[PDB]
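K.L.:
experimental structure and sequence below.
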Amino acid sequence: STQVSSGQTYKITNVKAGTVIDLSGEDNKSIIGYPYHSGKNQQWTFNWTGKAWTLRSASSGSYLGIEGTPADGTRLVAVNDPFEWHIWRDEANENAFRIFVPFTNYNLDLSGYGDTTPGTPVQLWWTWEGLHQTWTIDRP
Ligand SMILES: OC[C@H]1O[C@@H](O)[C@H](O)[C@@H](O)[C@H]1O
C-alpha cells in the first residue's frame with residue numbers, strides 16, 4: 001500500500017475512470033479528469049495542517065480548492081490559499097479514498113458518473129455509492 005504522508009507528492013486516480021486529477025493546461029485553473037502522463041500539473045503535494053490535508057499543485061503552487069458554497073456540481077479550481085480537505089477510506093475498495101469538504105456531506109466526484117473523456121470536470125457532489133467518487137492516492 002501507499003502511505004499518504006505530509007510533504008510527499010502523489011497522483012490522484014479515479015477508481016471508475018482511471019484518469020487523474022489534473023490542473024488544466026488550458027487555463028491553469030480548472031480541475032479535470034485527464035489521462036496520466038507524469039505532468040507536474042497532475043501531481044499534488046500533501047500537507048497535514050494538524051487537522052486536515054491541503055493539496056498543492058506541483059506545477060503552479062496553487063492549491064486544490066473550490067470557490068463558494070459546497071453544492072452538487074461545485075467545480076474544483078486552483079486557489080491561492082491552502083484549502084483543507086478530509087480523507088476517509090472507502091467501503092467498496094478500502095485502498096481508495098473519498099475526499100470531503102470538512103464538516104459536510106460533499107465529496108470529490110468525477111462528473112458524468114466518472115466519464116473517461118479527457119477534460120471531464122472534477123466537482124463536488126453529495127456522497128453516494130458511485131465509484132466515480134472514489135480515488136487512489138498513488139506515487140507519481
Ligand atoms: O487540455 C488539458 C490538458 O492540457 C495539457 O497541456 C496538459 O498537459 C494536460 O495534462 C491537460 O491539463
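P.N.:
Received, thanks. Numbering: from 1, shown residues only.
K.L.:
and the helices in the chain, which stretches?
P.N.:
The residue ranges that make up the helices of the chain, judged by DSSP state H, are 111-114.
K.L.:
near the ligand, which residues of it are found?
P.N.:
Taking Cβ under 6 Å from any ligand atom as the measure of proximity, the chain contacts the ligand at 22, 24-26, 34, 39, 41-42, 119. In short, each C-beta sits where N, CA and C put it, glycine included.
K.L.:
just give me the closest of these to the ligand.
P.N.:
The nearest member of the residues of the chain next to the ligand to the ligand, counting by Cβ to the nearest ligand atom, is residue 25 at 2.3 Å.
K.L.:
so who does the closest one touch?
P.N.:
For residue 25, the contacting residues are 39, 41, taking Cβ atoms under 8 Å, 6 or more residues apart in numbering as the criterion.
K.L.:
try 6 Å this time
P.N.:
For residue 25, no residue counts as a contact, taking Cβ atoms under 6 Å, 6 or more residues apart in numbering as the criterion.
K.L.:
I'd like to know how far it sits from residue 31.
P.N.:
As judged by Cβ to Cβ, to the nearest Å, residue 25 and residue 31 stand 12 Å apart.
K.L.:
ditto for residue 81
P.N.:
For residue 81, the distance to residue 31 (Cβ to Cβ) stands at 16 Å.
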